[PDB]
Each structure stands twice: as C-alpha cells, then as structure tokens.
Amino acid sequence: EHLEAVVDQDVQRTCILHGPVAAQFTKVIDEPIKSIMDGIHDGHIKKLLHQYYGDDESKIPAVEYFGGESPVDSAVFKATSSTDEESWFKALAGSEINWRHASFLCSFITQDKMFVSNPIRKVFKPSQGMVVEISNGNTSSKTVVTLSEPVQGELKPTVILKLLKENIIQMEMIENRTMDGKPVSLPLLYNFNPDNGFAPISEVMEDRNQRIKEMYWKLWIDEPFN
Amino acid sequence: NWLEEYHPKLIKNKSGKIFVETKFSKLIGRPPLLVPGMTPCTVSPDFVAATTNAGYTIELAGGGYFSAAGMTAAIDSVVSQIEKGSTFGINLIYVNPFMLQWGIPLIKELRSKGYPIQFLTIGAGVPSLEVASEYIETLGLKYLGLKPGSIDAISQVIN
Amino acid sequence: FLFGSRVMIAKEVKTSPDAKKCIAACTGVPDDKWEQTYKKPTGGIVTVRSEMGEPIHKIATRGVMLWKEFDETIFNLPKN
Ligand SMILES: Cc1cc2nc3c(=O)[nH]c(=O)nc-3n(C[C@H](O)[C@H](O)[C@H](O)COP(=O)(O)O)c2cc1C
C-alpha cells in the first residue's frame with residue numbers, strides 16, 4: 001500500500017497476499033465496500049426468498065430490533081434470596097421484542113460511543129423483598145413497570161419504567177427518604193434504537209448531570225435551584 | 001436435525017430492513033458476514049471504520065501495530081469515525097507473544113474504559129485451556145473468535 | 001462467512017492502485033487445482049516459506065518469484 005516507497009514505482013517487486021481460489025471472483029476494481037458486502041447479502045436474500053418464502057417478502061417475520069440473542073399480561077413477581085436471575089429477567093422483559101425486551105436482556109448501553117454495563121439490569125438485580133409489578137403488558141407504549149422494595153418495613157414505589165414520546169425509555173428512579181417525606185424521583189432517560197440491534201438503548205448523556213444535580217437539591221439544600 | 005435446527009431464516013426489521021438470521025447474526029444484529037483481520041488490509045483504521053459504517057463486523061489488524069500506544073491511537077481514530085454505538089473488534093496473533101503483551105494488558109483496560117471493541121480474535125494459533133480462559137470474563141467482550149487451522153485446534157476450542 | 005481476499009480490491013482499502021490492478025489481473029484457480037501453488041504460480045499466486053518457514057500465499061510477482069527461488073536455493077540450504 002506504499003508503492004510510492006518502492007524503487008521504481010513497480011508493483012512487480014511487491015509482496016502482496018491473496019488467495020488462489022478467491023482471486024477468480026475479484027475482477028471489478030475499487031467498488032465500495034458497502035456495495036460488495038450488500039451484493040453478497042442481498043444475493044443471499046434473493047437465494048433465500050426463492051426457496052423458503054416464495055419470492056414474496058410479506059411472508060417475512062417481523063421483529064422490533066434484530067439481534068441481542070445469546071446462542072445459549074399485567075402480573076407481579078416477588079423475588080427472594082434464591083430468586084434465579086435469568087428467569088427473573090425473562091419474567092420482566094417478556095416474550096415480545098420491544099424496549100422492554102432489551103431493557104433487561106440488553107447487556108450494554110452506549111454512552112455516546114462507549115459501552116458500559118446495563119444500569120437497569122444492575123438495579124433490578126434479584127434480591128430479597130423486591131416485589132416488581134408489570135402492568136399493561138400487552139401494548140408496549142402503555143407498558144409500565146413498578147418495582148416497590150420494602151422501605152422501613154413497608155413497600156413503596158422505588159422504580160418506574162415507562163416509554164415517552166419519540167420512544168424514549170425513562171427509568172423513574174424514585175427515593176422516598178426525603179426532607180419532606182414526599183418521594184423524590186430521578187428521571188434517567190435513554191434512547192431506544194430498533195435499528196441498531198446490538199445496542200438499541202443509548203443513554204442521553206446530554207443534560208445528564210443537571211437532572212442529577214436537581215435531584216440532589218431537594219435532598220440537601222433548603223433553597224431554590226440554581 | 002441440522003437442516004432444520006440451523007436453517008437460515010429471514011428477518012424483517014422495523015425499518016423494513018431484511019436480514020439473514022443465523023445463530024451468529026443473532027448476537028451481532030448484523031449480516032452474517034465479516035472481514036477477518038488482515039495486517040496489510042485491516043490495519044488502516046479508516047478502512048476498518050468504512051466497513052463498520054456499512055454495517056459489517058470487522059477485526060482490527062493487531063499485527064500492524066508494533067506498540068501499545070500505536071494501536072491505541074488507531075482505536076481512538078476509528079472511534080472518531082464510527083457511528084454512535086457501532087462496534088468493531090481486534091485481531092491478535094498468537095505466535096507473536098510481543099504482539100500479545102500489548103493487547104491483553106491493553107484490552108483489559110480499554111474495555112474497562114468501555115470502548116466499542118466487542119470481540120477478540122486470536123489468529124495464527126489457538127490458546128491453551130488456561131490462557132484462553134480469562135479472555136471472556138476479564139475481558140468484557142461479547143464473544144470470542146478462534147481461528148482453527150488444524151484438526152486438533154478444533155478439538156482444543158471444543159475443550 | 002468471512003471474506004478476506006474479496007475485500008482487498010475495494011476502494012476503501014489502502015492498497016495502492018497498481019497493486020489492485022494486478023490483484024484483479026490475476027485469475028484464480030478452483031479448489032480442485034488448489035495445491036499446485038507449492039510448485040508453480042497458479043493463475044498468479046504462489047506459496048513461500050516465512051522467515052519462520054511457515055507458508056504464505058502471495059501474488060506471483062517478479063519479487064515474490066525471486067523470493068521463492070531464493071527459498072529453495074539459498075535459505076533451505078544449511079547454516080555453514
Ligand atoms: C492480506 C491478508 C492478510 C491477512 N492477515 C491475517 C492475519 O494477520 N491474521 C490471521 O489470522 N489471518 C490473516 N489473513 C487470513 C484471513 O484471516 C483469512 O483466513 C483469509 O483471508 C481467508 O482466505 P480468503 O481471503 O480466500 O477468503 C490474512 C489474509 C490476507 C489475504
């Protein structure tokens with residue numbers, strides 16, 4: 001790749017690796033990499049429609065976001081010490097592929113081109129006393145989950161999952177031990193991407209600290225927010 | 001029955017994008033095609049970004065970087081070009097322990113730093129049960145990719 | 001499936017244009033006639049021993065042909 005650095009600009013001196021069999025398919029020059037990889041993939045698509053789908057696309061299945069699967073309607077779930085984790089997450093994500101499907105099964109959340117562990121999967125870790133509740137599980141837009149753990153003995157809502165406009169996952173992270181007793185909730189937003197399968201949930205890091213600062217306000221400072 | 005168990009399925013995405021659903025394509029959410037690590041070819045960080053913007057998994061040629069800081073500058077140079085949340089992986093050689101004394105002690109950290117490097121590939125050899133053990137848990141990788149060239153190298157990865 | 005040699009001709013790779021022109025000019029060989037590289041250029045590709053002696057597939061250019069000849073004349077020959 002540096003024929004400018006060979007003596008007489010002659011490639012015939014160079015050592016360039018190649019395959020004896022693959023060479024008989026490489027004839028068009030410098031085609032875009034997307035062009036050839038797509039010519040392969042859609043070629044397979046044509047070869048697979050003609051066999052198992054009769055050249056009619058509508059026979060296709062449909063999935064919200066494709067991917068995320070390791071090779072290996074309004075209910076509740078009480079969890080205890082031995083509450084198995086993966087069954088727990090299955091019971092929470094559900095069967096349908098939606099934001100709820102990933103929120104417990106997607107292991108990584110992008111923070112603007114950086115992959116860090118799923119926070120939702122951290123907080124909902126199976127333990128004692130947690131009585132999670134899934135309501136309105138049929139439709140996704142109206143699906144809301146509420147984890148209410150025991151607090152000072154009694155159960156009170158601690159976590160609230162729900163969708164927003166623009167399909168924005170928010171985890172209403174509540175804490176009730178408050179200066180006025182009335183619970184304070186920490187709104188954590190995330191972008192759900194049905195088009196990027198491997199990591200559909202991408203946390204909005206913009207303005208992220210302010211809504212944390214504002215939550216901590218009412219925890220400590222007895223003044224307006226500025 | 002392998003003809004039905006691993007039958008190549010078809011998948012439509014919400015955007016209306018078609019996919020060849022296999023067992024492999026169902027971890028990467030991406031077509032079941034990839035470009036292997038290639039020390040002359042997949043060393044150029046701008047190309048390893050051009051294809052992963054086409055949405056095809058790539059290995060980054062480890063054998064092209066004679067250092068730890070050089071490959072780090074390459075990693076960050078592609079991060080500067082991949083779309084938000086995109087991913088690539090790197091390729092290591094195993095007959096070159098000097099190549100392996102950078103990556104592993106580097107991969108542990110850039111992963112702990114959380115880079116989009118979401119798989120490894122140890123080419124030109126297969127590690128032992130013992131050294132190939134920590135690559136999956138110490139290294140926050142999604143999957144591991146081993147290159148068999150022999151008939152015993154396949155028994156080894158099965159081990 | 002992974003695609004090594006199919007890629008090197010793409011425009012996004014960094015190989016020099018003349019190198020791509022020859023990598024296109026060489027016609028491949030089907031798998032039935034695959035092992036004939038150890039002996040000859042097979043449609044423009046040979047195998048040569050590494051400095052470790054292990055084989056490498058390379059396009060049969062004048063340079064790598066000289067490499068091959070030196071392998072079987074000079075380096076195969078023993079130390080003294
Ligand atoms: C230019 C070039 C560089 C390669 N570099 C490596 C490498 O660094 N490590 C490795 O394990 N395989 C390497 N390979 C081999 C590929 O991993 C893969 O096995 C090969 O491309 C498959 O052959 P094909 O191109 O005919 O499909 C290289 C192949 C080529 C053509």
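First the proteins, then the strands, lettered A, B, ... as listed; each starts at 1.
Contact tally against chain A (heavy-atom pairs below 4.5 Å) for C:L66, C:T61, C:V13: the top residue is C:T61. Of the listed residues C:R62, C:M8, C:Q36, the one with more heavy-atom pairs under 4.5 angstrom with chain A than any other is C:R62. Counting heavy-atom pairs under 4.5 Å between each of A:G19, A:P32, A:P20 and chain C puts A:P20 at the top. Comparing A:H18, A:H2, A:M37, A:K34 by heavy-atom pairs within less than 4.5 Å of chain C, the highest count is held by A:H18.
Counting all heavy atoms, side chain and backbone alike, A:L188 lies closest to A:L186 at CD1-O, 3.1 Å. The two residues A:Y65 and A:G197 come nearest to each other via the heavy atoms CD1-O, 3.8 Å. Between C:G43 and C:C26, the shortest heavy-atom contact is O-CB, 3.3 Å.
Here C:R49 does not pair with C:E54 in a salt bridge; the nearest charged N to carboxylate O distance is not below 4.0 Å. Between A:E31 and C:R6 there is a salt bridge, since a side-chain N of the basic residue sits under 4.0 Å from a carboxylate O of the acidic one. Contact check on A:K59 versus A:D56 returns no salt bridge, with no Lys/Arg side-chain nitrogen under 4.0 Å from an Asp/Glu carboxylate oxygen. Using a cutoff of 4.0 Å between basic side-chain nitrogens and carboxylate oxygens, A:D55 and A:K46 are not scored as salt-bridged.
For A:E4, no part sits under 4.5 Å from any heavy atom of chain C, backbone or side chain. Both the backbone and the side chain of A:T26 come within contact range of chain C, each with at least one heavy atom under 4.5 Å from a heavy atom of that chain. Residue C:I23 touches chain A through both its backbone and its side chain, counting heavy-atom pairs closer than 4.5 Å. Only the side chain of A:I36 comes within contact range of chain C, with heavy atoms under 4.5 Å apart. Heavy atoms of C:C22 lying under 4.5 Å from chain A belong exclusively to its side chain.
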